[PDB]
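Colleague: Generate coordinates for the sequence data below:
(2 chains, ligands or ions: 2)
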Protein chains: 2
Amino acid sequence: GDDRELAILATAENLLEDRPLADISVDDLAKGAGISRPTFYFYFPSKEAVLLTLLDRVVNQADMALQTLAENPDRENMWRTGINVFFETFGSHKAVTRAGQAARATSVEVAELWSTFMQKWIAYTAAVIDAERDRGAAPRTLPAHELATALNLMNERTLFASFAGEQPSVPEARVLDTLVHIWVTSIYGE
Amino acid sequence: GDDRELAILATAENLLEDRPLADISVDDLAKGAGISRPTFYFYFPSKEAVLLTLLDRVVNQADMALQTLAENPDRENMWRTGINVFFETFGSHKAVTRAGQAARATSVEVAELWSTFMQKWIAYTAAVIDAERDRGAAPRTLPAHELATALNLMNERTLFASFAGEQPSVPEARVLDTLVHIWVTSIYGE
Ligand SMILES: CC(=O)NC[C@H]1CN(c2ccc(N3CCOCC3)c(F)c2)C(=O)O1
Ligand SMILES: CC(=O)NC[C@H]1CN(c2ccc(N3CCOCC3)c(F)c2)C(=O)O1
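Modeller: Numbers count the residues shown, from 1 in each chain, chains lettered A, B, ... in the order given. Ligands and ions are numbered 1, 2, ... in the order given. Take a look at the structure below.
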């Protein structure tokens, strides 16, 4: 039962590494999962729903890793370890990341899923900036929530350009340092 | 001759304010332009080609405005006036901007057009950062081209989220100040 669904999900993630979702059929997904097409539709209403579940797993993986960091005890290193959660989680799931990004234009559930977790991560970013200002380590410059929004959107666009190998992009081996520098200077700079 | 093409372009930009390109037909474009459908196809092979021409006009408008600034004579104000070129140009063409962004996923000519001008604007950003470092006004921190890439991708994503009213986004009345702060602190901060 659970294994057939997992088999579908594993096949989809494996097939997404070689071609986009538009070049993958339900028959492809069923074959790689060792099931029939009617059996597929018992577990998922569409191949788009399979992607939604894959993306949901990846964004929740990143969210739970951030929560783990948040519950635990320099300033540059604090932000680097946190940004790294997203660099490593989405970089370990590049095919799903890329396909989920492109799905936002056509899937309201995917758009709402991405929007929901971006709001959460921006609010937590803003809370950390506020706490940094409260203790006197960061200056009171921009409204923290607007600063947090821009920095998070930067990371979204820059990480996914690097993972997709877009032209232009920051080389993947340089993107962590690049983002950390911009976060640290814009949060602590006066 | 030239007027019929211009009439097609004006109709498309006007129709794109109320609905996406997928909800606009060649018959819509021909009717608003006061021509027949075969006459439309004399001027453009598809409605996607009409969008390409519209976007080409907008990115060249922004590029030429930047060139005008570049040929002419504080540091925060220098970057603000330059970022404003893109805020005003694309903000005066929000429907085309939005439709052209979404077209990158399906149109190679649109993707290459956006990629071409982003490379140009990143290289010019990097050259200004370098000149700022050469004269001693900016510290030698990140490689200037990688810094320039991240900042330009930030502006792309943040401007277009604000113009589209996405959730999350920086309010349009705050996005110029937000971006200028992040550019200035990350270029001049040590
Ligand atoms: C005190 C502490 O633990 N600091 C670590 C920071 C990291 N971080 C954060 C949030 C969202 C993101 N992003 C970037 C990538 O995509 C979306 C969200 C991010 F990179 C980093 C945050 O608030 O905690
Ligand atoms: C000395 C001088 O004239 N400085 C003004 C700066 C502004 N600027 C620049 C380039 C690309 C962008 N963007 C952001 C929006 O989308 C893509 C490119 C930008 F905002 C700003 C640049 O190099 O000149």
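Colleague: hmm, the one helix or strand residue A:10 maps to in reach of chain B?
Modeller: In the assignment (DSSP states H and E), residue A:10 maps to helix A:2-16. No. Helix A:2-16 is not in contact with chain B by CB under 8 Å from any CB of the partner chain; minimum separation 15.2 Å. Just so you know, the C-beta spots here come from the backbone N, C-alpha and C atoms, and that holds for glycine as well.
Colleague: Mind listing residues that contact that helix?
Modeller: A:24, A:28-30, A:32-35, A:39-40, A:43-44, A:47, A:50-51, A:53-54, A:57, A:93, A:95-96, A:98-99 (CB atoms under 8 Å, 6 or more residues apart in numbering or on different chains).
Colleague: Next, the residue in chain A that ligand 2 sits nearest to: phi, psi?
Modeller: Ligand 2 sits closest to residue A:168 of chain A, with a gap of 10.2 Å, by CB to the nearest ligand atom. Here is the backbone geometry of residue A:168 (degrees, to the nearest 10): phi -80, psi 150.
Colleague: Report the contact partners of it.
Modeller: Neighbours of residue A:168 in contact, by CB under 8 Å, 6+ apart: A:161, B:115, B:118, B:119, B:122, B:149, B:152, B:153.
Colleague: same thing but at 7 Å, please
Modeller: Residue A:168 makes contact with B:115, B:118, B:119, B:122, B:149 under the criterion CB atoms under 7 Å, 6 or more residues apart in numbering or on different chains.
Colleague: Hmm, residue A:118 is touching residue A:153, no?
Modeller: No. Counting by CB atoms under 7 Å, residue A:118 stays clear of residue A:153, with 8.0 Å between them.
Colleague: mind listing the helices for chain A?
Modeller: A:2-16, A:26-32, A:37-43, A:47-70, A:75-91, A:94-103, A:108-134, A:144-164, A:172-188 (DSSP state H).
Colleague: In a markdown table: those helices, plus distance to residue B:78 and mean neighbour count.
Modeller: Output for these, formatted as a markdown table (distance: least, CB to CB, whole Å; neighbours: other CB atoms under 10 Å in any protein chain shown):
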| stretch | distance to residue B:78 | mean neighbour count |
| --- | --- | --- |
| helix A:2-16 | 44 | 17 |
| helix A:26-32 | 54 | 16 |
| helix A:37-43 | 57 | 15 |
| helix A:47-70 | 37 | 17 |
| helix A:75-91 | 28 | 17 |
| helix A:94-103 | 34 | 21 |
| helix A:108-134 | 27 | 16 |
| helix A:144-164 | 20 | 23 |
| helix A:172-188 | 18 | 20 |
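Colleague: nearest to ligand 1, of those helices?
Modeller: Ligand 1 sits nearest to helix A:75-91 of all the helices of chain A, at 2.2 Å, using CB to the nearest ligand atom.
Colleague: can the closest one be found next to chain B?
Modeller: No. Figure legend: helix A:75-91 not in contact with chain B (CB under 7 Å from any CB of the partner chain); closest approach 12.0 Å.
Colleague: Now do that helix: which elements does it pack against?
Modeller: Here helix A:75-91 touches helix A:47-70, helix A:144-164, helix A:172-188, going by 3 or more CB pairs under 7 Å, 6 or more residues apart in numbering or on different chains; DSSP states H and E.
Colleague: could the ones you listed be laid out in JSON lines, adding distance to residue B:84?
Modeller: Listed next are these as JSON lines, based on distance: least, CB to CB, whole Å:
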{"stretch": "helix A:47-70", "distance to residue B:84": "34"}
{"stretch": "helix A:144-164", "distance to residue B:84": "16"}
{"stretch": "helix A:172-188", "distance to residue B:84": "19"}
